Amino acid sequence: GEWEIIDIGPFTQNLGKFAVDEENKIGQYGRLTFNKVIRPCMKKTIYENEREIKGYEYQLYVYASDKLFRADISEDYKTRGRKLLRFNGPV
């Protein structure tokens with residue numbers, strides 16, 4: 001597999017969107033999903049390397065209005081992962 005962090009730039013703008021989407025789509029439409037900031041946001045995928053893509057997931061450990069942890073997210077690709085996310089693994 002692979003792994004790589006970001007620079008409080010892209011995963012940040014995503015934390016607000018994705019979260020409110022998968023967070024609400026997951027059944028957590030309580031409120032928005034972005035307030036404080038995104039610093040320890042990381043990305044990790046379980047794909048091949050130069051022949052195909054198997055699973056693309058990510059870890060967004062940060063803090064928003066009620067996300068004191070990491071908004072995770074996975075996405076099937078060639079094996080059969082899936083679309084989802086998680087709000088835990090707090091600090």
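Every residue, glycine as well, gets a Cβ built from its backbone with ideal geometry; the counts of neighbours run over all protein chains shown. Any read-out appearing in this document is the output of simple, stated calculations on the displayed coordinates, not a laboratory observation.
Here are the numbers:
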read-out: Charge dipole magnitude, Cβ of K and R +1, D and E -1 - the chain, Cα centre, debye nearest 20; value: 280
read-out: For the chain, calculated [θ]222 nm from helices alone, where every DSSP H run of n ≥ 4 adds -39500 (n - 2.57); value: -1000 deg cm²/dmol
read-out: Of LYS78, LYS44, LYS67, the one that fluctuates the most in a GNM where the chain has Cα springs shorter than 10 Å; value: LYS78
read-out: Candidates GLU50, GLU23, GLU75: whichever shows maximal mean-square fluctuation once the chain is modelled as a Gaussian network with Cα springs under 10 Å; value: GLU50
read-out: Length-normalised contact order of the chain in % [C-alpha pairs under 8 Å, at least 6 apart]; value: 25
